[PDB]
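Notes for the structure review
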Amino acid sequence: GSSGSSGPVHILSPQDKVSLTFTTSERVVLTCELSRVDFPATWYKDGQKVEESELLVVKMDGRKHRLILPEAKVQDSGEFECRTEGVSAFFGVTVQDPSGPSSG
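Rules used in this analysis
Residues numbered from 1 in each chain as written, not as in the entry; some residues may be left out. Heavy atoms only, no water. Disulfide = S-S within 2.5 Å. UniProt positions renumbered as here; feature names shortened; annotations may be inferred. Helix = DSSP H or I, 4+ residues; strand = E, 2+ residues; numbered from the N terminus. Buried < 20%, exposed > 50% of the residue type's maximum accessible area, 1.4 Å probe, protein only. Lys, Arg positive; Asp, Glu negative; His and termini not counted. Salt bridge = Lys/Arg side-chain N within 4 Å of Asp/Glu carboxyl O. Contact = heavy atoms within 4.5 Å. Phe/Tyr/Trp six-rings, centres within 6.5 Å; stacked < 30°, edge-to-face > 60°.

In the PDB header, solution NMR is given as the technique by which the entry was determined.

Next comes the structure, spelled out in structure tokens:
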């Protein structure tokens, strides 16, 4: 038993809007917790679904969701959100390219 809850699922962390900054050609891994184990969710970037691929790794864990990135490109820079059946989180990301002497 041990039942008696009002909301289906509520986020535990973060608590409020966060801010993060990384450098191009680096690894970016976010973090998010939930109040429900084995619960579905969809990541959104800049208000647009994320294109899961080799450049985008999505790890899921009991009441724990995070977005990993092998190559944080200037494009990867934006706001992330772990949409779910209840609430959503906000993670600020900024990929700043390192000062390079006209190097390609």
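There's plenty left to go through after this.
1. Some remarks on the UniProt feature "disulfide bond" in the protein chain
Formation of the UniProt disulfide linking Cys-32 with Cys-82 is not confirmed, the inter-sulfur distance of 4.8 Å being 2.5 Å or more. By the secondary structure assignment, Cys-82 is in strand β8 (residues 78-83).

2. Some words on the side chain of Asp-76
Note that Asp-76 resides in the loop between β7 (64-69) and β8. The charged side chain of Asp-76 is buried without a salt bridge, its nearest counter-charge being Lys-45 at 5.7 Å. Every residue in contact with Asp-76, bar those within four places of it in the chain, is listed here: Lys-45, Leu-69, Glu-71, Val-93 and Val-95.

3. Notes on the packing of aromatic side chains
Scanning the model with the defined rule gives 2 aromatic pairs in all. Between the aromatic rings of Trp-43 and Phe-80, the centroid separation amounts to 6.4 Å while the plane-to-plane angle is 65 degrees, which identifies the pairing as edge-to-face. Residue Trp-43 is found in strand β4 (residues 42-45), and its partner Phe-80 is found in strand β8; the two are separated by 37 residues along the sequence. No difference in accessibility class separates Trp-43 from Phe-80, as the two residues are buried. With centroids separated by 6.3 Å and ring planes inclined at 45 degrees, the aromatic side chains of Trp-43 and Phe-91 adopt a geometry described as tilted. On the criterion of sequence distance, the pair formed by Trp-43 in strand β4 and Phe-91 in strand β9 (residues 91-96) is long-range, its members being 48 residues apart. According to the relative accessible area criterion, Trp-43 is buried, its value standing at 5%. For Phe-91, a relative accessible area of 3% corresponds to the buried category.

4. Comments concerning the state of the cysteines
Within this structure, the stated rule accounts for 0 disulfides. Summary of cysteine pairing: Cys-32 is not part of a disulfide, and the nearest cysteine sulfur, belonging to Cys-82, is at 4.8 Å.

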